[PDB]
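Spelled out from the first residue to the last, the chains are:
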Amino acid sequence: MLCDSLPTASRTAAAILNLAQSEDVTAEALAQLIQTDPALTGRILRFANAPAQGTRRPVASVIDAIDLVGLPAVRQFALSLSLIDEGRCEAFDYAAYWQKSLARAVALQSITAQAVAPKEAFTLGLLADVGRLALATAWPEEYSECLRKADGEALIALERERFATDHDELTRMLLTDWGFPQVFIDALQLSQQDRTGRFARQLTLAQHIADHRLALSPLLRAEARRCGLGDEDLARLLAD
Ligand code: NA
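Per the deposition metadata, X-ray crystallography was the technique used to determine this entry, at a resolution of 2.4 Å.

The name recorded for the chain in the PDB entry is MmoQ, from Methylococcus capsulatus.

Rendered as structure tokens:
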């Protein structure tokens, strides 16, 4: 349904709410949890960046946003999680989405730690396909129809046909609305189709690591090397 907030996983919303309810809550402890959730991460960043309107460099990590807007503000984002009624889109594999998203973020953080700010690349990774969550949330029944029929490139075309947008473009407009740095958005768009170029490549790697962790290939072995990584980094990235 339109104007419905992106949802958070149940257990995770429970943790975040309880944590925040305490008066002895820390920013580090709140950030650790929040940053595993695309929805909350997106609301906070929009909250921290939108007011600025471009008057300064944007935050691109939760911890950075917490310290900017203050911990009492962020408690409140936690305190209302309850309201967001782990979603009605029947065909959408929410758990898979949440796992893949987190693994991609962890991977991309590792990758850039040895090659752009890791904490921020973590965030881009996490949110790199948030347009899927948004479709499932705005139009559950319609999106189910789509997911049940198509997949991959057909899916994008079917989404375009049914919603006058796709999940890749949604991701990008959301990230732009949330004040993400232009370079991240370009990198993402680039990666959505085989400097900005380097990062786009690390993102696709991260996505690929993610794909495989939720399931050592030839090309992926070479992708590792295109990024200047090589081993055993690539292995470490596939083992917890
Ligand atoms: Na409801």
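Here the narrative resumes, following the displayed structure.
(A) Representation of the nonpolar core. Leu124 and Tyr143 are the most contacted members of the largest nonpolar core, which totals 69 residues. In terms of residue count, helix α6 (residues 94–113) provides more of this core than any other element does, seven residues in total. Among all residues touching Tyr143, those that are not within four sequence positions of it are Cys89, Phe92, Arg132, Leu135, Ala136, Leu155, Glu159, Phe163 and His167.

(B) Molecular detail of the layout of surface pockets. Put simply, the largest pocket is a space of about 710 Å³. Lining the largest pocket are 28 residues, with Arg104, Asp129, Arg132, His167 and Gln207 sitting closest to its centre. Among the secondary structure elements, those contributing two or more residues to the lining of the largest pocket are α6, α9 (140–149), α10 (153–163), α11 (167–177), α12 (182–191) and α13 (196–213). Looking at the lining of the largest pocket element by element, the count peaks at five residues for α13. Across the lining of the largest pocket, the residue classes break down as 12 nonpolar, seven polar and nine charged.

(C) Focus on a positive patch on the surface. On the surface, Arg195, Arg198, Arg201 and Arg226 cluster together into a positively charged patch. Here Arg201 shows up in helix α13.

(D) Representation of the packing of α11 against α12 within the structure. Packing of α11 against α12 brings their axes to within 10 Å, and their N-to-C directions diverge by 175 degrees. Between α11 and α12, the crossing angle belongs to the class labelled roughly antiparallel. Taken together, the residues of α12 that come into contact with α11 (itself represented by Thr171, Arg172, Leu175 and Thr176) are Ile185, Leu188 and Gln189. For the contact of α11 with α12, a count of residues per class yields three nonpolar, three polar and one charged.

(E) Representation of unusual backbone geometry within the structure. Omega for the peptide link from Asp231 to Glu232 comes to 5 degrees, which places this bond in the cis form. Summarising the element assignment, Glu232 is placed in the loop between α14 (218–226) and α15 (233–236). Residue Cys3 is not a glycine yet carries a positive backbone phi of 70 degrees. Position of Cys3 relative to the elements: it lies in the segment before α1 (10–21). Even without being a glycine, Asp240 presents a positive backbone phi close to 55 degrees.

(F) Quick look at the pattern of salt bridges. Following the criterion strictly, the structure yields 11 salt bridges and no others. Where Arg148 meets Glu90, a salt bridge forms, and the shortest distance between an N and an O atom there is 3.4 Å. The exposure class of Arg148 is exposed, given its relative accessible area of 52%. For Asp211, the salt bridge goes to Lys100, with nearest N and O atoms at 3.5 Å. Taken together, the shared-partner salt bridges in this structure form one network comprising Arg104, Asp129 and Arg132.

(G) Molecular detail of the packing of aromatic side chains. All told, the structure shown has nine aromatic pairs when counted by the stated rule. With a centroid separation of 4.8 Å and an interplanar angle of 80 degrees, the aromatic rings of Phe47 and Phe77 are classed as edge-to-face. Residue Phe47 is found in helix α3 (residues 38–49), and its partner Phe77 is found in helix α5 (residues 71–79); the two are separated by 30 residues along the sequence. Geometrically, the ring pair formed by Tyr94 and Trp98 is tilted, given 5.7 Å between the ring centres and 45 degrees between the ring planes. Residue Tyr94 and its partner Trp98 are located together in helix α6, separated by four residues, close to a single helical turn. Residue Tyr94 is classed as buried on the basis of its relative accessible area, which comes to 6%. Overall, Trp98 belongs to the buried group, its relative accessible area being 11%.

Cut-offs and rules
Residue labels reflect position in each chain's written sequence, counted from 1, rather than necessarily the entry's numbering. Residues lacking coordinates are not shown. As a convention, hydrogens and water are excluded, and side-chain values are obtained from all of the structure's heavy atoms. For our purposes a nonpolar core is just a set of buried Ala, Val, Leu, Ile, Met, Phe, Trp, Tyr and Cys residues, chained together by side-chain atoms within 4.5 Å. Burial status follows relative accessibility: with a 1.4 Å probe on protein chains alone, a residue under 20% of its type maximum counts as buried, one over 50% as exposed, and anything between as partly exposed. A helix here means a DSSP run of H or I that spans at least four residues, while a strand means a run of E at least two residues long, and both kinds are numbered starting from the N terminus. A contact between two residues is defined here by any heavy atoms of the two lying within 4.5 Å. Think of a 1 Å grid over just the protein atoms. A cavity is a set of points where a 1.4 Å probe fits yet cannot get out, a pocket is an open set with protein on both sides within 12 Å along at least five of seven lines, and lining residues have an atom within 4 Å of a point. Grid points are joined across faces, edges and corners, and a volume is the space filled by probe spheres set on the points. Three classes are used, and their members are as follows: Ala, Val, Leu, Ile, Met, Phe, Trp, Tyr, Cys and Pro are nonpolar, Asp, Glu, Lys and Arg are charged, and the others, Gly among them, are polar. Residues form patches when they are more than 30% accessible in relative terms and have no salt bridge. Like charges link within 9 Å. Nonpolar side chains (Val, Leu, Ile, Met, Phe, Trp, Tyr) link within 5 Å. Every accessible area reported is derived by Shrake-Rupley at a probe size of 1.4 Å, with residue values counting cover from the shown protein chains alone. Within this document, salt bridges are pairs made up of a side-chain nitrogen of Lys or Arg and a carboxyl oxygen of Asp or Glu, the two lying within 4 Å of each other. For this count, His and the chain ends are skipped, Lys and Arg are scored as positive, and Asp and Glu as negative. Where a charge lies is defined by one atom per residue type: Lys uses NZ, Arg uses CZ, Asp uses CG and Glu uses CD. Simply put, an axis is a line fit to the C-alpha atoms, just over the touching stretch for a helix, and the angle between two N-to-C directions goes from 0 to 180 degrees. Roughly parallel covers angles under 35 degrees, roughly antiparallel covers those over 145, roughly perpendicular covers 65 to 115, and oblique covers all other angles. Any pair of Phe, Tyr and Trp rings, taking the six-membered ring for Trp, is counted once the centres come within 6.5 Å. Such a pair is stacked with planes under 30 degrees apart, edge-to-face with planes over 60 apart, and tilted for the rest.

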